[PDB]
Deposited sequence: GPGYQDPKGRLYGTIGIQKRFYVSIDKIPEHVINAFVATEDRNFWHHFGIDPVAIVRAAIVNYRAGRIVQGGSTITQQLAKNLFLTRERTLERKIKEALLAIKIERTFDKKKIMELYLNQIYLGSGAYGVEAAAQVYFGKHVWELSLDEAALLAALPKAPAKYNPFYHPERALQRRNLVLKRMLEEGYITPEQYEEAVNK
């Protein structure tokens, strides 16, 4: 098996993990149609970028190209995908394919590599750490950059708090874990 090991359906994935990934990478994921116009504009201002669906598309290309052309092929695919499968399913696929450093593909493989346990056994702070990796697994890998990894984790937590996915009490406890 290439790395197609450890697939877990959406219904067995913690609300905290889903929310951590949404708040951090595509805050308005549940409502757009593949691409986020507002996000794209609000991005120009100050970060920014793609939607979860786009990141999923980006990884369906056998090649690792980044031209402007490819970015459009991604957004078109993203849009078509959104017309074919629902949000919970897209979230499921995305979460199980995403590279999270240390040879870990998907939330499950990650939960074990980083916390010796199952994704559904993860705490809030443990979920926040996974969501902080996608941006750059190698730059924020807790194994050798526990410092950048840590602050980016608390940043995800701060994001989740702003989205209302967790309470202030829940926030204070997590950032100190």
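Residues of the deposited sequence missing from the coordinate set occupy positions 1-15, 62-69.
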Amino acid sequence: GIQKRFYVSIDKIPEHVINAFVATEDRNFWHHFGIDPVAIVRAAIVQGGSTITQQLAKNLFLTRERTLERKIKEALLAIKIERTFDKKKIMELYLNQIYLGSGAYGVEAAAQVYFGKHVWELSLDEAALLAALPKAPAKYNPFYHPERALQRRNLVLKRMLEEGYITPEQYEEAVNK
From here on, numbers count along this sequence of modelled residues.
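Across the other PDB entries of this protein whose models span the neighbouring residues, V46 goes unmodelled in a third or more. Look at the mean CA B-factor for 132-140 and for 65-73 in the entry; the higher one is 65-73.
Set 5-13 against 156-164 and average the Cα temperature factors; 5-13 ends up higher. In the deposited entry, the Cα temperature factor of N59 sits in the top third of values across the chain's modelled residues. Sort the modelled residues of the chain by CA B factor and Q47 lands in the highest third. Annotation for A127: C-alpha temperature factor in the lowest third relative to the rest of the modelled chain, per the entry.
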